[PDB]
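Some notes on the structure that comes next.
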Amino acid sequence: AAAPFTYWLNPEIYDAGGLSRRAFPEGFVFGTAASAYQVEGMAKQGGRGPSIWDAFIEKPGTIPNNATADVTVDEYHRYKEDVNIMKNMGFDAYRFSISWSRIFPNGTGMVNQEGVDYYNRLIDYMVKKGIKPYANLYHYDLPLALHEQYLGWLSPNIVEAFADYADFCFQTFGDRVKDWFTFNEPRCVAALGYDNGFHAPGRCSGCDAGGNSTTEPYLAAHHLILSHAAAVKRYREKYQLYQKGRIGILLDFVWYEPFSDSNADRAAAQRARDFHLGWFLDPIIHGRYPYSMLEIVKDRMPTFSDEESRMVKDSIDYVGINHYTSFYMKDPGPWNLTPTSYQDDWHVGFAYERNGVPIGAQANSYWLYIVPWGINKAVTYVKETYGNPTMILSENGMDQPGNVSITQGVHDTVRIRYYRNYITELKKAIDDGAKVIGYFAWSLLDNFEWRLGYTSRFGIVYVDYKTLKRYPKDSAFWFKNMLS
Ligand SMILES: OC[C@H]1O[C@@H](O)[C@@H](O)[C@@H](O)[C@@H]1O
């Protein structure tokens, strides 16, 4: 049992700000989201082959305090408890991811039956408890074998490797999983993996592992798009009419607000949207890359053949938008001109304040600014720009510093205000015609936050890493109250 202050009843819990299920469309889904590597543990066990993150983690100094996700919050063994918390808090759904290398230790070939069994236990238990499973197929965890064989996303070989893996998952799990995502944040897979080397496999221009920031991110993104399209084709031709599910992709989207009303600032904000979201959503909706990207990046960007363009266009039933934050965008003056990096290709200036006033308070993470109206502007933008496609707001949340006690950690009033305000702004966008059908908080549990390790807590449930005990935060109860 914890210190007395743990059990103070935060009155913010009961201020739902006017929100309930009645403020949302009939059958609107409220969920939480996690990922295999961040929550499962058993990284080197249960027959799981290693991923790129397992080798990347081995360089000392990469994770703070050289922490690993070998155990993390141990959802492999504690999945029943986690599902029960989800149910008790009133959630309808859980978006989780399947570990490619847990099913295919070598990426292709032999199946790890022990991994298959785990996901079957997990899915069977969610169905038993009335939590809808939303399965994401890839969450930063490429099997290491594939990276060793042909450098993973940088080779056209990855496309059939992935499609076959997707295919197997549909065959095996699709009798009860009716909601699929191919990828989480392919932009990040490409940009962090191959532009700045911040994420595995740590490739970039200056990087230890080698790389080329001018070409490799574009090559990676191209094969991610082809792999998504190839996977969806399997689903549609072989499973969809029989299983009656749906398939989409999850795309991160930072809102870019023009800094001023000038043509140049307004154009800069559009350019950033092109490179951030358009990069993936233009091909999926129009069968082609953003014009700006083609004119700036020229031949450093691959092109789709006519056959590819047809496979890629309309290759979703819905799009998941992951949204956290917003920045101001400036025209940065005259552009160079000589290729440097995907990020430099955007040719923009970032701004985090205007007239001495910050755009929002900062969460723990260096990148996260709390800007509730950004979620409204983002959703309206995809509605207007893309013919109002069916959307899931597939991630939203914020982090506390990792190094806080149970007692301090559970009283997360800042997160309550975060969710109340963001969900209010999302509601306004729906009232004005946006076709959103679900919302997912990141995340249920404090977990392994990639390069930040355990110095960042995103959960609505506090996890003591010493004991692995769960303590619902005030924000979990805020949801419980709002959802009934
Ligand atoms: O930063 C919080 C979260 O944001 C998205 O990238 C998620 O898909 C996770 O990978 C991550 O933990």
Side-chain angles (χ1 to χ4, degrees), residues 138 140 153-154 156 158-159 162 181-196 198-199 203-204 212-232 248-256 267-305 308-309 311-316 319-327 329 335 339-348 350 367 378-379 381-382 384-387 389 391 394-395:
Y138 184 95
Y140 312 163
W153 297 112
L154 302 174
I158 199 59
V159 175
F162 180 75
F181 300 105
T182 53
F183 294 99
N184 183 78
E185 299 185 347
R187 190 204 79 90
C188 304
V189 179
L192 311 179
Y194 303 87
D195 191 48
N196 64 20
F198 191 54
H199 281 197
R203 295 180 64 92
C204 83
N212 194 336
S213 301
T214 72
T215 58
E216 302 202 339
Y218 298 109
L219 208 47
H222 194 79
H223 297 138
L224 286 154
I225 295 165
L226 298 177
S227 308
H228 160 76
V232 169
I249 197 168
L250 308 147
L251 306 173
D252 56 287
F253 187 23
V254 170
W255 178 253
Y256 297 108
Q270 186 50 56
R271 184 160 55 259
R273 293 168 210 141
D274 285 349
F275 276 84
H276 193 117
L277 180 73
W279 194 14
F280 292 87
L281 204 50
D282 286 2
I284 289 167
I285 302 301
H286 312 290
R288 53 147 191 85
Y289 282 124
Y291 199 95
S292 61
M293 294 190 76
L294 297 164
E295 152 76 358
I296 290 153
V297 181
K298 294 155 169 67
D299 63 303
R300 280 183 296 125
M301 258 187 125
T303 52
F304 302 101
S305 72
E308 283 165 357
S309 187
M311 186 181 66
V312 167
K313 192 192 196 207
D314 298 299
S315 62
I316 67 183
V319 60
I321 296 299
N322 295 352
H323 179 88
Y324 293 92
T325 197
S326 313
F327 312 123
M329 215 84 326
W335 317 338
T340 309
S341 67
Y342 152 80
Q343 179 66 83
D344 274 356
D345 283 342
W346 299 26
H347 300 293
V348 297
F350 287 77
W367 56 272
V379 171
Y381 174 84
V382 13
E384 285 180 2
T385 307
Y386 294 105
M391 286 168 269
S394 49
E395 263 174 43

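The figures that follow rest on heavy atoms only: side chains count, while hydrogens, waters and symmetry mates do not. Numbers here are sequence positions counted from 1.
With sequence neighbours left out, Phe181 forms a ring pair (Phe, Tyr, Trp, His ring centres under 6.0 Å) with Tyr318. Take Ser227 and apply the side-chain hydrogen bond (donor to acceptor under 3.5 Å, both in side chains) test, not counting sequence neighbours, and it matches no residue. When the side-chain hydrogen bond (donor to acceptor under 3.5 Å, both in side chains) test is applied to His323, no partner is found at least two apart in sequence or on another chain.
No close placement of the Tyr194 and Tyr218 rings is indicated, their centers lying 6.0 Å or farther apart. In this structure, the ring of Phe183 has its center less than 6.0 angstrom from the ring center of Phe162.
With a 6.0 Å radius and a threshold of 12 heavy atoms from other residues, nucleotides or ligands, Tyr291 has its OH atom at or below the threshold.
Side-chain N/O atoms of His276 and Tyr256 include a donor and acceptor closer than 3.5 Å.
Between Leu226 and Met311, the closest heavy-atom pair is O-CE, 3.9 Å.
At a threshold of 4.5 Å between non-hydrogen side-chain atoms, the residues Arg273 and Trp255 count as touching.
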Next item on the list: Applying side-chain hydrogen bond (donor to acceptor under 3.5 Å, both in side chains), run through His222 and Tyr289 and close with a yes or a no.
Entry: CA-CA 10 Å; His222 194 79; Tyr289 282 124; 2.8 Å; yes
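Side-chain atoms of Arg271 come within 3.5 Å of backbone atoms of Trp346 as a donor-acceptor pair (strictly under, hydrogens ignored). Remark: side-chain polar atoms of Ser309 are paired, donor with acceptor, to backbone N or O of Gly287 under 3.5 angstrom.
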